[PDB]
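Report on one structure; see the data block that follows.
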Amino acid sequence: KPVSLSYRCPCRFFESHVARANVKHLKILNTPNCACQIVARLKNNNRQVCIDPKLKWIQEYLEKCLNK
Amino acid sequence: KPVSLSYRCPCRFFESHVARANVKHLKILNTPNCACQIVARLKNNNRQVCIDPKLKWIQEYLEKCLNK
Amino acid sequence: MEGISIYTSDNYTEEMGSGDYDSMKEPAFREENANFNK
Amino acid sequence: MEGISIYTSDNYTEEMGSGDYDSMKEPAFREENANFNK
C-alpha cells in the first residue's frame, strides 16, 4: 500500500451498523486529514473495520473509560 | 494463554506520565477484572504501554473522537 | 477535526480505507430505529 | 462502571501487562503542576 502524509486517513468511510460484540478490541487512530477513526478487529479472521467514533456504543464506551 | 474469568487483564497498572507524542495509536480493551485500559504502541520499536484511560491527553482524545 | 498537531502514524500507515456495515457518519448516540423492515 | 460482557479473547488474551512511566491513577484532565523540585 503506497501512502503519504498529504492525504492520509485510516479510512475515508467509517462503519456504523457494525456490532459491538463482534469486535475483539478498539484501535483508534488520528490522521491529519481525517478527524478520528476507530478500527476494530472483528472476531475470527475476517478483517478489521473502521467504526465511527461517534457511534452509540462507542459514545458510551469512550465516556465510561474517561471517568464515569 | 489461558484467560477465562479468574484473571484476565491487559495491564497491571496504568501509566500516567507517558507521552502523547511518543505513541502511534491507542488500543483499548476491557477485561472482566479490569475497568478500562488503553494500550498504546510506542514509536518505532520499543513496546506497547498501558495508558490511563483517564489521562489528560486521553480525556480530550476521547472527547474529540466522541464529537467535541 | 481540528488541524492540531497529532501524533505520527508510524506502523499504521493508510491513507484511504473503505467502509461497509452501512458506512454512515455523525453521532448516533440517540436514535430510535427499532428494527423496521418495511 | 460495571463489567458488562466483554469481547472474546482471541487476538488479545493478557492477564499481565505494563505499568511504568510513573504509573498513577484518576483523570489527569486537570493538573496544575507548578514546579515539583525541592
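Per the header: solution NMR.
The backbone N, Cα and C atoms fix where each Cβ goes, and this holds for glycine too.
The sulfotyrosine annotation in Swiss-Prot covers C:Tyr7, C:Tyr12, C:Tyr21 and rests on experimental evidence. Swiss-Prot lists C:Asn11 with the feature N-linked glycosylation site. Taken from Swiss-Prot, the feature O-linked glycosylation site applies to C:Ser18.
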Candidates from C:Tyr7, C:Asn11, C:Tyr12, C:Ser18, C:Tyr21 close to chain D, where recorded positions are judged by Cβ under 8 Å:
none
For C:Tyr7 (sulfotyrosine), what is the secondary structure state per DSSP, taken as helix, strand or coil?
coil
Among all protein chains shown, how many Cβ atoms are found within 10 Å of the Cβ of C:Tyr21 (sulfotyrosine), not counting that one?
16
Considering only CB atoms and a limit under 8 Å, which recorded positions from C:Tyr7, C:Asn11, C:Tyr12, C:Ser18, C:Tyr21 lie near chain B?
C:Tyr7, C:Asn11, C:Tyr12
At a CB cut-off of under 8 A, do any of the recorded positions C:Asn11, C:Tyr12, C:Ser18 come close to chain A? List them or say none.
C:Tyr12, C:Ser18
Alpha-carbon distance [C:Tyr21 (sulfotyrosine); the residue listed as 'N-linked glycosylation site'] in Å:
26
Quick one: give me the count of other CB atoms within 10 A of the CB of C:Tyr12 (sulfotyrosine).
16
Measuring Cα to Cα, tell me the gap between the residue listed as 'O-linked glycosylation site' and C:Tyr12 (sulfotyrosine) in whole angstrom.
15
Nearest-integer angstrom distance between the alpha carbons (Cα) of C:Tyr12 (sulfotyrosine) and C:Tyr21 (sulfotyrosine):
22
Take the Cβ of C:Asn11 (N-linked glycosylation site) and count every other Cβ within 10 Å, whichever protein chain it belongs to.
10
Looking only at C-alpha atoms, tell me how far C:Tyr7 (sulfotyrosine) is from C:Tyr21 (sulfotyrosine), rounded to the nearest Å.
28
Which one is it: of the recorded positions C:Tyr7, C:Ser18, which Cβ has the fewest other Cβ atoms within 10 Å in this structure?
C:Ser18
